[PDB]
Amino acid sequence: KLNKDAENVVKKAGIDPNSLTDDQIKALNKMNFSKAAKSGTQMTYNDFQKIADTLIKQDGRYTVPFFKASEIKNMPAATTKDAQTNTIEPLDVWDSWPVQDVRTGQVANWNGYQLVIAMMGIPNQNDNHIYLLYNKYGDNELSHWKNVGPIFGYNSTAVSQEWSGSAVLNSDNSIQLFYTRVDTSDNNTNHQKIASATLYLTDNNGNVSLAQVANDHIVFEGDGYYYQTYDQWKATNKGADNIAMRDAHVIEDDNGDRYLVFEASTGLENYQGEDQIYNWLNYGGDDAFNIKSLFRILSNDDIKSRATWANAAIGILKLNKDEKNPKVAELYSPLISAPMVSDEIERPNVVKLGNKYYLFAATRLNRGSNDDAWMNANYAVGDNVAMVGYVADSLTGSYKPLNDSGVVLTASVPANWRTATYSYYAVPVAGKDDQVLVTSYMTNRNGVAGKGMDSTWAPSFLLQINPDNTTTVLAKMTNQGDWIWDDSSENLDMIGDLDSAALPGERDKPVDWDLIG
């Protein structure tokens, strides 16, 4: 027998109570219909489903543009002396970020150079380290980039790794780097910590060198209430829980505060668990959608499991005033969270446009709980990646999803093609308040697209940011690896179509199942 709340929602859904099984009835009687939202905004089960639906539709407003596949090359600077082996090798290059102006997010001009920090490593090896690259500011040629080498030096190992973050210019023209320090000494686990160091560079006759790395230290690795700690994860992980404490994005607000916006999972404030399946807030559709979703969740062990472990978070904390030796001043509740919905939302990024703050992130939809949604994405397109987006009136204020569901970009080609992309990272555009340039890496790692095909820098493309909290992808593309949009940067030749996006035979190529899930 249904309680009265369960009975209310069943009738509003326009389904007959007698058609419900005993297992279904007892599920509805567990439902918690009155949990007050924690601070911030959730990607709900309905939001996730709409994002995937939009991806399946391949609507030109949100689809990542087709890139002309003939044009795609390995990045010369990704052939470099490897941080671990100490030998010159052609490396995968993936997650990358430019040094930016801490206030505006514009790509910084350091003594006439643009500077990018990048994850690189040998395909099919555990080789995760970051490298500093440079080129003349405004230069548009992939091949003019040069690799200064690994920030943390040669003779490195997989026991201590560097994953992604951000970088800005300090007031004295040194660089403050935020990155992910990963310690794998505890049984090879990816123990992630947000770290920071100051980089001192020098410039001699067209060459930029890394003179010194100072003040390298851990900033934050979770508190337990707002964000999940390594100990918490380890306490309950049997192989189904993600661990995330990474991808820290530094930005300074109008009030002179530096913040980190970062990737994590929620803590005890609103923790993962089987109870989240029974928190009505997490669903976010009408009654009929919500009930159908509950029943689907319960009918599949995988989905139930995923829902039980899902609690991705985009966090924020305020740093203290020391530019070069940052520590946490205040922790806040996540800006965005996805309890029940996804256990992985990465590369959070904030861009200020006018008086608004746009929060973007990359995600692979196959890390969400709704297996039907992401498998349908894979079936329709051959990939499940997206960029999501929100907007707020202040850096810490309430973020509202863009384009209804939060969808911003959707995958347009199969994951194992040369022109597949991930790790979308938007950079503002000089003298434009309604556009950002979307950068990404191209070709998925570890040789999945074929012989000699390394992860490289994608051509970048403009995304228009509209005043009504929507976005529109524009048919404006650059060369590979362009971080700076201007009137010199357009290269319309790079834009492909559904056909030219593919090398010969890729349309009929066998799917890489491990890759797409």
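From 1 onward, residues are counted along the sequence shown.
Novice: Report the stretch with the higher mean CA temperature factor, choosing between 146-154 and 307-315 on the basis of the entry.
Specialist: Between 146-154 and 307-315, it is 146-154.
Novice: Is the mean CA B factor in the deposited entry higher across 416-424 or across 201-209?
Specialist: Result: 201-209.
Novice: For the CA B factor values reported in this entry, which option in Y113, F360, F178, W97 has the top one?
Specialist: Answer for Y113, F360, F178, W97: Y113, with the highest C-alpha B-factor.
Novice: Pick out which of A338, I88, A264, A248 has the highest C-alpha B-factor in the PDB entry.
Specialist: Most elevated C-alpha B-factor of the set, per the entry: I88.
Novice: Comparing against every modelled residue in the chain, figure out the third that the C-alpha B-factor of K356 lands in (lowest, middle or highest).
Specialist: Its C-alpha B-factor belongs to the highest third of this chain's values.
Novice: Please place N366 in the lowest, middle or highest third of its chain according to the CA B-factor in the PDB entry.
Specialist: Its C-alpha B-factor, which the entry lists for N366, ranks in the lowest third among residues of this chain.
Novice: Looking at the entry's B-factor column for C-alpha atoms only, identify whether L474 ranks in the lowest, middle or highest third of its chain.
Specialist: Middle third of the chain for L474's C-alpha B-factor.
Novice: Lowest, middle or highest third: where is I56 by C-alpha B factor in its chain?
Specialist: Bottom third by C-alpha B-factor.
Novice: By the recorded C-alpha temperature factor, relative to the other modelled residues in its chain, which third is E274 in?
Specialist: Ranked within chain, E274 CA B lands in the middle tercile.
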